[PDB]
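Below you'll find the structure, written out as C-alpha cells, and then a few comments.
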Amino acid sequence: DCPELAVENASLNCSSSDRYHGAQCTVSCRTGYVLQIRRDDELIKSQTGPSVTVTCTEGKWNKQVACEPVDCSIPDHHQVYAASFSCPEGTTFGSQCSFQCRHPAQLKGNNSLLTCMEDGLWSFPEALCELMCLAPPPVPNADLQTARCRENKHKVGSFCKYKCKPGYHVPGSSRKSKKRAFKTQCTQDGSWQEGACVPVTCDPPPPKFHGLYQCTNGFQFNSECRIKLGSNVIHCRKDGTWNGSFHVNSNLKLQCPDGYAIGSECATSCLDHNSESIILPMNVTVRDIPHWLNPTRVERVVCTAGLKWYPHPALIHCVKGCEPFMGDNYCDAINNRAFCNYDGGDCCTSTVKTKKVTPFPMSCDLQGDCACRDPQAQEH
Amino acid sequence: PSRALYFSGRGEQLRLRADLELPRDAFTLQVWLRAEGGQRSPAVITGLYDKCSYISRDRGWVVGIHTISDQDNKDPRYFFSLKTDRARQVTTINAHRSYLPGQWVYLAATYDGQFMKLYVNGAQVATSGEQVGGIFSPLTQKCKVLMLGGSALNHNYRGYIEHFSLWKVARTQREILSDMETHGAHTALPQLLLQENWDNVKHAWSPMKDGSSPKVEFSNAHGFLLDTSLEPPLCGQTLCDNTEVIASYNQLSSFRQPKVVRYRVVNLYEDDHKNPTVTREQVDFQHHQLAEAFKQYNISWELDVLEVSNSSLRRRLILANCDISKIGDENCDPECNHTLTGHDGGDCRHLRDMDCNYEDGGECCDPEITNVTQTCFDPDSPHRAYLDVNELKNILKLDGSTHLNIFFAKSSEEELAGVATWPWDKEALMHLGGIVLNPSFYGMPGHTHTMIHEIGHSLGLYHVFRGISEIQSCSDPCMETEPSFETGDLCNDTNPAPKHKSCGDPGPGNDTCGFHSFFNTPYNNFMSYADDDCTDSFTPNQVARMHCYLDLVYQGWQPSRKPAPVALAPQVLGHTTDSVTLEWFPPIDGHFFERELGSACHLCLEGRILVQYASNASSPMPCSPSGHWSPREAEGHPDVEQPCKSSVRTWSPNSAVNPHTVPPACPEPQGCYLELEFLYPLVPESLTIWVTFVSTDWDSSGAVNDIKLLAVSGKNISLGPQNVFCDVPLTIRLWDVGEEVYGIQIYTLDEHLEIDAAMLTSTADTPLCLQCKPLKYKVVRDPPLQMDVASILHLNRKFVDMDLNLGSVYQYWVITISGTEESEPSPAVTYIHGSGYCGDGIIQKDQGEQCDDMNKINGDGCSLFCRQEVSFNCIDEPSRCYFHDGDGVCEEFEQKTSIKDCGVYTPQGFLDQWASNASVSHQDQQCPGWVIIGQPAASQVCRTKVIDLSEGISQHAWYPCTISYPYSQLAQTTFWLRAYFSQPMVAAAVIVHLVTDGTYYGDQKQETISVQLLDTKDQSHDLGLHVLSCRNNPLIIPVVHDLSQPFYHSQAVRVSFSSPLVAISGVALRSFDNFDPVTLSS
Amino acid sequence: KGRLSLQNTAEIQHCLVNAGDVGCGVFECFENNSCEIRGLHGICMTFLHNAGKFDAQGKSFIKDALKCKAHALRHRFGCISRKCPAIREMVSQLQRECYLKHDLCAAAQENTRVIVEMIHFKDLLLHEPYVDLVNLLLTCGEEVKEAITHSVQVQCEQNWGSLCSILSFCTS
Ligand SMILES: [Zn+2]
C-alpha cells in the first residue's frame, strides 16, 4: 500500500481512496508553474500534457513529479533601454524587479517594476527611461545661432549650428579659404559631440627676415611681427592678411648660384638620389624618428639677413627616402611610415581594393613592421 | 470598381498614416496579393517595425515571401514572423508549397495571444504557439509604424496588392472564409481597423518622402469561379495523366471513335533512283501488319511514302543512339563502334589508312586523295562518315505538324531502335521529332513488332516495367508496387513487371526493391521487351491514353474535322429554387478558337491574348570572334523534369564550348547573352523566363545581369537586373512599351546559368487574334430543353436553365462545336433539383464526398471533385481545412504517417521503452539532467549549422554548458550521457533522438557519437559508431548479436561524444513485445 | 593523363576568378591540376620569400614579373585546347614573354648572387618553370653562367654523382 503523496505547488484532484496496486491519481501544476518528471519505474509513456498521472506500484509511486517554478531570465537588455536592473528577490514566478535609469535619462511613468508573469517572461515596463541630452558645454569663440541650444531640454539627435567668431575657425580649412560653420549633435550615449574653433594662424613671413623675427604673440591671433618706413608694424587682422612684407655638409650638397649673396634658391639633394633630406632641428636623427612622426619636406635655403640662421644644412638630415612602390596593392615594411604617406594606404585593409594585405617578404609579421599603423584607416 | 497597386522592385513602398491606432494585443491581416516571379530573398509584404529604438530592430510582425533554405534560396514560401516586446526569440511560420507567381493568393495571418496562424487561400497552413502576450506596450504605441510593400532596409516587393485589411481582433477560420467571398465591400465595425480598397491612397497612406508611390491599376481578383487548370500527378507529364481525365476516356466509348492517323516514311536514295534504305516489299509488308495490330483499337494509319534523293546523305552511315560527345571523349561506349566511326576513334579497341585513322589530319578526309566515307572520322570536318539523326532532320527540315515522320538509322547497339519522341516533348510536332527505326528490321518477318512498340512510345504509352525496372531509387515519388492510375505506367490493367526478355512470368529475384513474386505480369503486351511471337495486344487501359494524345497533342495529324471534346463533365456551381448554374472546362487540347491554318489562332487564349514562346535563339560563340551559334534547347515550351538540378535541355554559357576546350569566363561590363526571337512580334504585357539552374554564389545581387528588349524600330529598351529563383520562373511585367517587341536579349554574368525557355504574353486585345472565330459550346439535357433554349450556342462556358422540377433527375452534357462540325459529347452530370452536388457545402459521404466546400478551386484543401488534397484535413460541415503535418497536435490517423509529429513509429512486432533516471556528466544550472526522461517532443526542428545555443533549448533537450566552444576544441575532452532504464528488457534497437547534428557554422567537419550499452553484473556489449543526419533524426542503432552467444538483459545505454554541439533530447530501447529471450533461455 | 578533365575545370576557373593577381593566389589555385605542371607556385613563393636580398631594381622586377604572370595566366587561361602539351606551351610562352619584357637580364646583372644561390636543384628535376628560369637566366652574363654551373657542380656532389661525369665530359 502506497503512502500518501503531496507535491508542492499543484492541484491533486484525485480520489484514490484505497492506495492499492493500481491507485490511479492525477497531478496538475498550478498557473505559472511547469512540471518536472523524475521517474522511478515505468514501461510505457503517454503525452499527458501539463498534467500527469501517477500510479502506485509495490508501495511506491512510479513517478516523482515536482512543479518547479518558471525561470524568467535575468534582465540584461531588451526591457528598458540604458538602465540598471536590481532584482532584490530572484528570477522566479511572482518575483518583481526594480530598475533605475542612468544619470542623464529622466523617467516618465508611475510604475517602475518588472514582474515575472505567468508566461515565463518579464512584464511590460510601465515607465520608460526617456533619453534626453543635457545642456551643451558653451564652446568659446562661437556664436550660438540656434536659440534653443542655450537651454537644457534637447532631444537626442538635435542640430545646433555654431558659427565661429571672427579671428577663429573650425579646423579643416587652410589660411586661403575660411569656413566657420560646424554641426554638433547629441549622441546616442546622451552627450554632445565635441567640436571647437581654433584661432586663425597669422600668415608666415618671407624668409628674408625669418630667424631673427620676434612676433608679439607668434602664431596666435593679433600677433604683430617685427624684427629688432615700409611696414613697421604688421597687424594680424581677423582675415589674417599680411598688410606689408618685411622691409629692410658632407652628405648634403647644395650649389647655390648666389652663394653668400642672397635671393637665389639652392638645389637641395644628398649624394645619392635614394636618400631624401628633411629638416630635423629638435635633436632627432635619421633613425630616431618614430613611424607616427610627420616631418616636412626640405625647403631650399634662401640666404636671410646676415648669415643663414635657418636650420643649417647640417641640422637638415638626409634620411631613407621613398621608393616608387606607392599604391600598387603591395605593402612595404620600409615604407610603412607616415613620411612616405603609408605607401599610398597599401598597408591598410580599408584602402586596398582587394580587401587584403600582402607583405612583400613572406617572413614579415602582420602585426610587426608591415602592419597598418595608420590611425586614419578603419582600424580605429 | 476595384483597383490595385503594382509594386515594382525599384523602391516604391508606403507607410500608414499617424492617425490610425495600431493593433496591440491581437490582429488579423487580410491581403489579396499577386506576386511576380522572382522576388528578393527576404522580401516583405506588410511589416510593423520599430523606428524609435536601436537595441533590437526585429520587433513587431512581418508578412512576406522568403525562402526556407536561405543557404541556397531554392523554394520561396510565404512567411509570417512575429516577435513581441516581452519575448526573446523571433519565430517564423512558413507555407507548405512554393508560391504561385501568377495567381491571386488570399494570404491572411492571425494572432490571438497564444497561437499565430497563417491562412493561404483559406486553408490553415502552419501554426506555431510560441509567441505570448501583446506585441508591444501601450507606452510605445506612437513609436511603432506600419509599412506596406517594403521595409527601411528595402526588402521591396514585386507584384500586386489588391485589398489590404487589418483587424484589431483575431478572426477564426470561419470569419476568414467569409471575408474571401465578400471581398472588400464591408461595413463599419469597431474591430475593423483599416479596410483599404485603393481608390484614394493619400487619405490613409503616405509614401516615402524620397521614393514614389506605386502606380494604381485596374485588376480583378474574382476572374475565375471555376479553376480550369488540372495539375498532372507526381509522376505524370501531361493533362491526360490526370486521374479524372484518363478515367473519362475509359468509361466512355464515344471518345474512342475510329481515327485515321497520317504518317510518312523517309526513304533515302542516290541520284539515280535505284537503291533504297527500305525496299518496297518491306514497306508493303509493314503497313498491312501495322493496320492489322491497330484495327481492333479504332486507330488506322494512312501511309505516305516520301522519297528524297541525295547521294551525300545516302552513302554515309546514319546513327541514332550514338552521341557526338563520346566520339571525342576517350571513354568507350557501345553506341559508337563501327568501321565508319573509327571504333570510337580508337577509344574502344584492345590495341590501345584503315588502322592508322584513330583520333590522317585531312589526308584521309580530303576527296582528292581518297574517299571521305572510307577513313574520315573527324567530328569537326565538313564531310564525315557518321551522321547523327538529329542532324539529318535538320538537313531534311520536314513537316511534323501534318504527318508522323519515320526515319532510319543503322546502330551497333540495335537491341532497340532509335529514341522515339514523347508527345509532351517540345519536338512532338516540330521537324526534329518522330520515330527512328532500324532500316534492316523494318519489314523483316522476325522483327515486325518493333515498330508497334516505337509507335506506342510516340503516342504516350510508357513501358510496362517503368514502375519497377526504370526506378532510379527506391525512395521515388512513385514506384508501381500496386496497380494504380498514378504510379508507374499509369495504367490499372497493367500489373507490375520487371525488365524481362523471356515469355511468361519471370523467376523471382532480388533486383526488385519491394516485391518478390509477380503474378499475371503483362508478358503479352507490346510494351514489354519480349520477342515477336509473345507480343500480341494492348491492354484496354493503354488505349485510353492512345486515344487521348491523338486529341491533346496530335490533332493536326488526323484529317478529321471533328474538334476536341470537353473531356470533363460539367460542374455545378450554385442553384436556387428555380435555376441551376453550371460551368464546364474548355476542350481537352486547350484551344479557345477555331483551328484555322496559317494564322495565330493556335496560340490565342480566352480573351484575345497571344501567348508565344521563343522561336529563334542565337548567342555568340565563346571561343570565336564572330561565331553566333544557334542554341536549340532554349526555344520551345519549358521541359525540365528537375527544375533546380542542372540538365541538358537548357542553354548554358559553357555549353557552347567544345568538350576538348577550356571554357572562357564571360566579359565584365555586359556579360554573355542569349538572344531569343519571337515568331509574332506584339506589344508585350508580360515576359516570363525559366531560369532553371543558378550557381550557388553570385557577385552581383541578381544572377541575370541585364535584359534588353529588342524592337522593330531598333530602340533597345533595357530592364534592370532581376533576382531569379531556381524553381519559380522569373516573370517581368512590362509597362509603357509602345513599340512592338520581336525578341529579348538576356545578359548574364553567371557561368553556369541555365535558361530553359521564354514566353511573351501579349496585351489584353492583340491586333492578331482579331480574325480568329471563337468556338461555341452547346449544352443538351436528357429530358430535352425547349427549342428556344436548346438551339442557341454559348460562347461563354456559363449556362443556366429555368424550367426545372424538384423531383426528377437531369443529365447535362456539353458538345463543343467549332463551325458546322459538332464534336463528341462530354461525360454527363447527374443532377437532381432537390438533393445536393459537389459545391453545396453539405458533405454527403454516401456519394463519396470526403470534403465539400463551395470553392470549386484546387488551391484550397478540398479539390473540385469533392476530394481532400495531399496532406490536408477538413473538419467542418462546410469543410474548412487545415495542414496537419506541421501542427503541434497529434491525431489518430497521423501516427503511422508523420514520424516528426507523432513520435517515433514503433514496429508492430516490437515495443519502445524510453529512458528514466538518466544521469549526465556536465550538469549545471543552465542545463540539468532530468530532460532525457520520457518521450521527447518531435516538434523541435533540426539545426542546420547552429552557431549559438543561448536560447531556450536546454529546457527541452540537453547539451553541455560548463565547457564552452574554445575549451572543447582545444583540450579535446569528452562528455557522456549515462542513461539508466527501469524495466530490465533485452535490446533489439537503441533509438537516440537528437535536436541537432552538432554541425557548426564554421567547422564543417562531421562528428561521430558512440552508442554503447550496459547491463546487469557485466561490462558491456558495444554497438558501434554512427554519424548524425537530420533526415535520420531518430537515429536507430541496430543491435548486433549472434544466437550462439547467450542473451543479456540490457539495463543502461551510454552515449559519448567529444564535440560540444551534439545535443541529446532522449534515448530509447526497443525490445520484443512478443517473447522474452531470458526466460526462454533460462 | 593527357586531359585536365580529371580536375574540375570549373574548380580551377572559379578559384582563378575569385583570387587576385597581386599575390600568389593565382598559382595557388592553379597547382592542383590533372596534368603535372606544378612549379609556378614554388617560384612565386621563393621570389616573395627572399625579397630582402634583392635591390630596388630587383624588387621592382619581382613585383612586376609576378603581376604580369598572374594577369596573363588569368587572361589566357580562358580559351585554350585541353591537352597537357598545350598547357605546357602556354605556361612556358607566358613565362618567357613575361621575363623578357621586364628585363630579367638586368636583374641578373645587378644582383647575381641572390638569384643564383636559389637553384633548388632537387626541386628543378621535377618542376618545368624552374627549368624555364634556368635556361632563361644563363643567356645574360657569362660569369652568371659560370657561377651557376659551379654551384650545380657542387650540387651534383650533394645529390647525384653521374651528372658530374656527364656534364663535365664536353669538348673532349
Ligand atoms: Zn521501349
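Residue numbering restarts at 1 in every chain; chains get A, B, ... in the order shown in the C-alpha cells, and ligands count up from 1 in that same order.
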
Worksheet item: Using only C-alpha atoms, which residues sit within 9 Å of residue 230 of chain B once same-chain residues fewer than 6 positions away are excluded, as a count of residues only?
Response: 3

Worksheet entry | Test item: chain C residues at most 12 Å from chain A, counting only C-alpha atoms, as a PyMOL selection string | chain C and resi 18-25+44-57+59-64+66-67

Taking 6 positions as the minimum chain separation for residues in the same chain, which residues sit within 12 Å of residue 819 of chain B when counting only C-alpha atoms? Answer as a short mmCIF file (atom, residue, chain, number, x, y, z; two decimals) with C-alpha atoms, in the first residue's frame.
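around.cif, freshly written:
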data_model
loop_
_atom_site.label_atom_id
_atom_site.label_comp_id
_atom_site.auth_asym_id
_atom_site.auth_seq_id
_atom_site.Cartn_x
_atom_site.Cartn_y
_atom_site.Cartn_z
CA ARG B 561 -12.54 17.92 -88.76
CA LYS B 562 -14.23 16.81 -85.52
CA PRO B 563 -12.96 19.15 -82.77
CA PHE B 593 -10.58 29.30 -81.00
CA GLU B 594 -11.27 27.59 -84.31
CA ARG B 595 -8.31 25.72 -85.78
CA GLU B 596 -7.60 27.97 -88.77
CA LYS B 773 -13.56 32.96 -84.80
CA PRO B 774 -14.33 31.54 -81.34
CA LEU B 775 -15.82 28.10 -80.82
CA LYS B 776 -19.26 27.84 -79.25
CA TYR B 777 -20.49 25.28 -76.72
CA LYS B 778 -23.95 23.72 -76.91
CA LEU B 793 -24.90 28.44 -78.69
#

Practice prompt. Could you tell me, counting only C-alpha atoms and all ligand atoms, which protein and nucleic acid residues lie no more than 12 Å from ligand 1, written as a PyMOL selection string?
Written response: chain B and resi 415-422+435+437+449-458+460-466+470+499+525-530

Given the selection you just returned, output its residues as a file containing N, CA, C and O atoms, formatted as a tab-separated table (two decimals), in the first residue's frame.
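File produced: result08.tsv:
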chain	number	residue	atom	x	y	z
B	415	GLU	N	19.55	-3.35	-80.20
B	415	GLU	CA	18.61	-4.14	-79.40
B	415	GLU	C	17.23	-3.50	-79.41
B	415	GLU	O	16.21	-4.19	-79.39
B	416	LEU	N	17.20	-2.18	-79.44
B	416	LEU	CA	16.01	-1.40	-79.74
B	416	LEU	C	16.29	-0.62	-81.03
B	416	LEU	O	17.33	-0.78	-81.67
B	417	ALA	N	15.34	0.23	-81.39
B	417	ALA	CA	15.52	1.17	-82.49
B	417	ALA	C	16.03	2.49	-81.91
B	417	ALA	O	16.51	2.53	-80.78
B	418	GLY	N	15.96	3.56	-82.68
B	418	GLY	CA	16.27	4.88	-82.15
B	418	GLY	C	15.20	5.38	-81.20
B	418	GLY	O	14.13	4.80	-81.04
B	419	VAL	N	15.51	6.49	-80.54
B	419	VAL	CA	14.67	7.01	-79.48
B	419	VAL	C	13.48	7.74	-80.09
B	419	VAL	O	13.64	8.76	-80.76
B	420	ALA	N	12.27	7.23	-79.83
B	420	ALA	CA	11.06	7.92	-80.23
B	420	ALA	C	10.82	9.13	-79.34
B	420	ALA	O	11.30	9.20	-78.21
B	421	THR	N	10.06	10.08	-79.86
B	421	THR	CA	9.78	11.32	-79.15
B	421	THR	C	8.43	11.22	-78.46
B	421	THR	O	7.43	10.88	-79.10
B	422	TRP	N	8.40	11.53	-77.17
B	422	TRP	CA	7.17	11.52	-76.41
B	422	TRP	C	6.28	12.68	-76.84
B	422	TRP	O	6.77	13.69	-77.35
B	435	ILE	N	9.96	9.05	-85.18
B	435	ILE	CA	10.41	7.72	-84.79
B	435	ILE	C	11.62	7.36	-85.62
B	435	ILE	O	11.58	7.46	-86.85
B	437	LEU	N	14.03	4.29	-86.63
B	437	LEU	CA	13.98	2.83	-86.67
B	437	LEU	C	15.26	2.27	-87.27
B	437	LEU	O	16.11	3.00	-87.79
B	449	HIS	N	7.26	-6.44	-85.06
B	449	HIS	CA	6.56	-5.82	-83.94
B	449	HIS	C	7.38	-4.77	-83.21
B	449	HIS	O	6.88	-4.19	-82.24
B	450	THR	N	8.61	-4.49	-83.63
B	450	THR	CA	9.37	-3.42	-83.01
B	450	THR	C	8.98	-2.05	-83.53
B	450	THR	O	9.48	-1.04	-83.01
B	451	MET	N	8.14	-1.98	-84.55
B	451	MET	CA	7.58	-0.70	-84.98
B	451	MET	C	6.34	-0.35	-84.18
B	451	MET	O	6.06	0.84	-83.97
B	452	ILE	N	5.59	-1.35	-83.72
B	452	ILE	CA	4.42	-1.11	-82.89
B	452	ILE	C	4.84	-0.60	-81.52
B	452	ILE	O	4.16	0.24	-80.91
B	453	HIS	N	5.95	-1.11	-80.99
B	453	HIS	CA	6.47	-0.64	-79.71
B	453	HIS	C	6.95	0.80	-79.80
B	453	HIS	O	6.76	1.58	-78.86
B	454	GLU	N	7.58	1.17	-80.91
B	454	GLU	CA	8.05	2.54	-81.07
B	454	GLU	C	6.92	3.51	-81.40
B	454	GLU	O	7.03	4.70	-81.12
B	455	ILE	N	5.84	3.02	-82.02
B	455	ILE	CA	4.65	3.84	-82.23
B	455	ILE	C	4.00	4.18	-80.89
B	455	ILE	O	3.64	5.34	-80.64
B	456	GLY	N	3.89	3.20	-80.00
B	456	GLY	CA	3.22	3.43	-78.73
B	456	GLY	C	4.01	4.32	-77.79
B	456	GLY	O	3.42	4.96	-76.92
B	457	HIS	N	5.33	4.36	-77.94
B	457	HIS	CA	6.10	5.36	-77.21
B	457	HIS	C	5.84	6.75	-77.75
B	457	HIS	O	5.89	7.73	-77.00
B	458	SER	N	5.55	6.86	-79.05
B	458	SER	CA	5.27	8.15	-79.66
B	458	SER	C	3.84	8.61	-79.44
B	458	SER	O	3.51	9.74	-79.82
B	460	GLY	N	2.31	8.15	-76.25
B	460	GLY	CA	2.14	8.43	-74.84
B	460	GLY	C	2.16	7.25	-73.89
B	460	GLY	O	1.89	7.45	-72.70
B	461	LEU	N	2.47	6.05	-74.36
B	461	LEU	CA	2.48	4.87	-73.51
B	461	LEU	C	3.89	4.61	-72.99
B	461	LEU	O	4.84	4.55	-73.78
B	462	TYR	N	4.02	4.44	-71.68
B	462	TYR	CA	5.30	4.07	-71.10
B	462	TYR	C	5.52	2.57	-71.23
B	462	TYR	O	4.64	1.82	-71.67
B	463	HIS	N	6.71	2.12	-70.83
B	463	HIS	CA	6.97	0.70	-70.72
B	463	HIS	C	6.19	0.12	-69.54
B	463	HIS	O	5.85	0.83	-68.59
B	464	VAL	N	5.91	-1.18	-69.61
B	464	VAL	CA	5.22	-1.85	-68.51
B	464	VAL	C	6.13	-1.93	-67.29
B	464	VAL	O	5.65	-1.91	-66.15
B	465	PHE	N	7.44	-2.02	-67.49
B	465	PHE	CA	8.41	-2.09	-66.41
B	465	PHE	C	8.94	-0.72	-66.00
B	465	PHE	O	10.06	-0.62	-65.49
B	466	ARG	N	8.17	0.35	-66.23
B	466	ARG	CA	8.61	1.67	-65.82
B	466	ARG	C	8.52	1.84	-64.31
B	466	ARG	O	9.32	2.56	-63.71
B	470	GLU	N	12.72	0.74	-64.33
B	470	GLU	CA	13.23	2.10	-64.53
B	470	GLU	C	13.02	2.97	-63.29
B	470	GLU	O	12.48	4.07	-63.36
B	499	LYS	N	12.17	-5.98	-65.74
B	499	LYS	CA	12.73	-5.98	-67.08
B	499	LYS	C	13.05	-7.42	-67.47
B	499	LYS	O	13.99	-8.01	-66.94
B	525	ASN	N	1.85	-8.04	-73.64
B	525	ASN	CA	1.71	-6.66	-74.09
B	525	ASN	C	2.85	-6.27	-75.03
B	525	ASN	O	3.94	-6.85	-75.00
B	526	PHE	N	2.58	-5.27	-75.87
B	526	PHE	CA	3.59	-4.76	-76.79
B	526	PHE	C	4.71	-4.04	-76.07
B	526	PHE	O	5.85	-4.03	-76.55
B	527	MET	N	4.43	-3.43	-74.92
B	527	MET	CA	5.41	-2.59	-74.24
B	527	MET	C	6.51	-3.38	-73.55
B	527	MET	O	7.52	-2.78	-73.16
B	528	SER	N	6.36	-4.69	-73.39
B	528	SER	CA	7.43	-5.48	-72.81
B	528	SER	C	8.54	-5.68	-73.84
B	528	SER	O	8.37	-5.43	-75.03
B	529	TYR	N	9.68	-6.16	-73.36
B	529	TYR	CA	10.83	-6.44	-74.22
B	529	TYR	C	10.82	-7.87	-74.75
B	529	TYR	O	11.88	-8.41	-75.07
B	530	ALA	N	9.65	-8.49	-74.86
B	530	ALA	CA	9.54	-9.84	-75.38
B	530	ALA	C	9.72	-9.85	-76.90
B	530	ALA	O	9.83	-8.81	-77.55

Please report as CSV every residue of chain B lying within 10 Å of chain A, along with the nearest atom pair and their distance in Å (one decimal), using only C-alpha atoms.
residue,atom,partner,partner_atom,distance
B:53,CA,A:81,CA,8.6
B:54,CA,A:81,CA,9.0
B:55,CA,A:78,CA,6.8
B:56,CA,A:78,CA,7.2
B:85,CA,A:78,CA,7.7
B:86,CA,A:121,CA,6.3
B:87,CA,A:121,CA,6.7
B:88,CA,A:78,CA,8.3
B:131,CA,A:119,CA,9.9
B:132,CA,A:119,CA,7.1
B:133,CA,A:119,CA,8.1
B:134,CA,A:124,CA,9.2
B:136,CA,A:124,CA,8.3
B:137,CA,A:124,CA,6.0
B:138,CA,A:126,CA,8.8
B:139,CA,A:126,CA,7.1
B:140,CA,A:128,CA,8.9
B:890,CA,A:47,CA,9.8
B:902,CA,A:47,CA,9.9
B:911,CA,A:44,CA,8.9
B:912,CA,A:44,CA,7.6
B:913,CA,A:44,CA,6.2
B:914,CA,A:44,CA,7.6
B:915,CA,A:39,CA,9.0
B:916,CA,A:39,CA,5.7
B:917,CA,A:39,CA,6.3
B:918,CA,A:38,CA,9.0
B:929,CA,A:38,CA,9.7
B:930,CA,A:38,CA,6.3
B:931,CA,A:37,CA,8.3
B:932,CA,A:38,CA,9.7
B:933,CA,A:38,CA,7.1
B:934,CA,A:45,CA,6.6
B:935,CA,A:45,CA,7.0
B:936,CA,A:47,CA,9.4
B:937,CA,A:47,CA,8.9
B:981,CA,A:41,CA,8.1
B:982,CA,A:41,CA,4.9
B:983,CA,A:43,CA,6.3
B:984,CA,A:43,CA,9.6
B:985,CA,A:43,CA,9.9

Could the residues in this selection be written to a file with C-alpha atoms, as an mmCIF file, in the first residue's frame?
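Dumped everything to out.cif:
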data_model
loop_
_atom_site.group_PDB
_atom_site.id
_atom_site.type_symbol
_atom_site.label_atom_id
_atom_site.label_comp_id
_atom_site.auth_asym_id
_atom_site.auth_seq_id
_atom_site.Cartn_x
_atom_site.Cartn_y
_atom_site.Cartn_z
ATOM 1 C CA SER B 53 14.790 52.015 -30.998
ATOM 2 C CA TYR B 54 18.262 50.652 -31.676
ATOM 3 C CA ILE B 55 18.732 47.809 -29.155
ATOM 4 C CA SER B 56 16.595 45.466 -31.284
ATOM 5 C CA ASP B 85 8.449 43.109 -26.868
ATOM 6 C CA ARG B 86 8.367 40.611 -23.996
ATOM 7 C CA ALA B 87 9.779 37.617 -25.884
ATOM 8 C CA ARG B 88 13.375 36.663 -26.648
ATOM 9 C CA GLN B 131 4.692 33.984 -29.065
ATOM 10 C CA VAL B 132 2.772 35.122 -25.982
ATOM 11 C CA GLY B 133 1.458 38.459 -24.764
ATOM 12 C CA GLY B 134 0.761 41.670 -26.611
ATOM 13 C CA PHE B 136 4.028 45.959 -27.875
ATOM 14 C CA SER B 137 3.490 48.003 -24.748
ATOM 15 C CA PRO B 138 0.863 50.772 -24.945
ATOM 16 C CA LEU B 139 3.539 53.232 -23.770
ATOM 17 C CA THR B 140 5.387 52.805 -27.094
ATOM 18 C CA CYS B 890 -1.011 14.509 -32.955
ATOM 19 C CA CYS B 902 3.555 11.791 -33.512
ATOM 20 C CA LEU B 911 7.968 -2.177 -28.236
ATOM 21 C CA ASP B 912 9.711 1.096 -27.370
ATOM 22 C CA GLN B 913 10.933 1.965 -23.875
ATOM 23 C CA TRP B 914 12.262 5.443 -23.131
ATOM 24 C CA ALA B 915 14.847 6.279 -20.511
ATOM 25 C CA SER B 916 14.356 7.068 -16.826
ATOM 26 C CA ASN B 917 16.813 8.285 -14.152
ATOM 27 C CA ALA B 918 19.203 9.411 -16.883
ATOM 28 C CA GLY B 929 19.841 16.183 -16.416
ATOM 29 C CA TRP B 930 16.138 15.365 -15.976
ATOM 30 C CA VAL B 931 15.256 16.390 -19.542
ATOM 31 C CA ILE B 932 16.079 12.978 -21.083
ATOM 32 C CA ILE B 933 13.214 11.215 -19.288
ATOM 33 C CA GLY B 934 10.273 10.066 -21.385
ATOM 34 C CA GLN B 935 9.257 10.563 -24.979
ATOM 35 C CA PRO B 936 10.702 13.803 -26.386
ATOM 36 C CA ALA B 937 8.513 16.169 -28.345
ATOM 37 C CA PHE B 981 16.346 2.388 -17.525
ATOM 38 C CA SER B 982 13.565 1.000 -15.347
ATOM 39 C CA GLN B 983 12.256 -2.356 -16.600
ATOM 40 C CA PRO B 984 15.130 -4.723 -17.483
ATOM 41 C CA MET B 985 14.484 -5.916 -21.033
#

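Backbone DSSP over segment 322-537 of chain B gives strand (DSSP E or B) for residues 386, 387, 388, 405, 406, 407, 408, 435, 436 and 437 of chain B.
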
Save the residues we just selected, C-alpha atoms, as a PDB file, in the first residue's frame?
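Generated file (selection.pdb):
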ATOM      1  CA  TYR B 386      28.912   9.128 -89.234  1.00  0.00           C
ATOM      2  CA  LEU B 387      25.795  11.307 -89.332  1.00  0.00           C
ATOM      3  CA  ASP B 388      23.577  11.819 -86.297  1.00  0.00           C
ATOM      4  CA  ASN B 405       7.909  11.186 -89.601  1.00  0.00           C
ATOM      5  CA  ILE B 406       9.704   7.837 -89.540  1.00  0.00           C
ATOM      6  CA  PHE B 407      13.469   7.931 -90.082  1.00  0.00           C
ATOM      7  CA  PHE B 408      16.059   5.175 -90.391  1.00  0.00           C
ATOM      8  CA  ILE B 435      10.409   7.724 -84.787  1.00  0.00           C
ATOM      9  CA  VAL B 436      13.901   6.491 -85.633  1.00  0.00           C
ATOM     10  CA  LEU B 437      13.980   2.835 -86.665  1.00  0.00           C
TER      11      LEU B 437
END

Closest-contact table, chain C side, partner chain B, 9 Å, counting only C-alpha atoms, as a Markdown table:
| residue | atom | partner | partner_atom | distance |
| --- | --- | --- | --- | --- |
| C:3 | CA | B:660 | CA | 8.3 |
| C:4 | CA | B:662 | CA | 8.9 |
| C:5 | CA | B:660 | CA | 8.8 |
| C:9 | CA | B:662 | CA | 6.9 |
| C:10 | CA | B:663 | CA | 8.6 |
| C:13 | CA | B:665 | CA | 8.1 |
| C:17 | CA | B:665 | CA | 8.4 |
| C:76 | CA | B:664 | CA | 8.8 |
| C:77 | CA | B:664 | CA | 7.4 |
| C:78 | CA | B:664 | CA | 3.8 |
| C:79 | CA | B:664 | CA | 5.0 |
| C:80 | CA | B:662 | CA | 5.5 |
| C:81 | CA | B:661 | CA | 4.7 |
| C:82 | CA | B:661 | CA | 5.1 |
| C:83 | CA | B:660 | CA | 7.9 |

Fill in: Contact residues around residue 96 of chain C with only C-alpha atoms at 8 Å, ignoring same-chain residues under 3 positions, as a ChimeraX atom specification
/C:92-93,99-100,132,136

Using only C-alpha atoms, which protein or nucleic acid residues come within 10 Å of residue 60 of chain A? Drop anything in the same chain fewer than 2 positions from it, and give the result as a PDB file with C-alpha atoms, in the first residue's frame.
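See result22.pdb below for the written result:
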ATOM      1  CA  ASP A   1       0.000   0.000   0.000  1.00  0.00           C
ATOM      2  CA  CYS A   2       1.473   3.308  -1.152  1.00  0.00           C
ATOM      3  CA  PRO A   3       1.987   6.290   1.166  1.00  0.00           C
ATOM      4  CA  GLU A   4       0.019   9.476   0.656  1.00  0.00           C
ATOM      5  CA  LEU A   5       1.904  11.770  -1.732  1.00  0.00           C
ATOM      6  CA  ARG A  19      -3.994   3.183  -2.344  1.00  0.00           C
ATOM      7  CA  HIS A  21      -1.803  -1.802  -6.630  1.00  0.00           C
ATOM      8  CA  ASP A  40      11.397   5.700 -10.906  1.00  0.00           C
ATOM      9  CA  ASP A  41       9.876   2.670 -12.669  1.00  0.00           C
ATOM     10  CA  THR A  55       0.367   5.266 -10.300  1.00  0.00           C
ATOM     11  CA  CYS A  56       1.038   3.129  -7.230  1.00  0.00           C
ATOM     12  CA  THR A  57       3.379   0.149  -7.584  1.00  0.00           C
ATOM     13  CA  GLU A  58       4.619  -2.087  -4.726  1.00  0.00           C
ATOM     14  CA  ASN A  62       6.065   5.235 -10.232  1.00  0.00           C
ATOM     15  CA  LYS A  63       6.908   8.932 -10.775  1.00  0.00           C
ATOM     16  CA  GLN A  64       8.470  11.609  -8.566  1.00  0.00           C
TER      17      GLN A  64
END
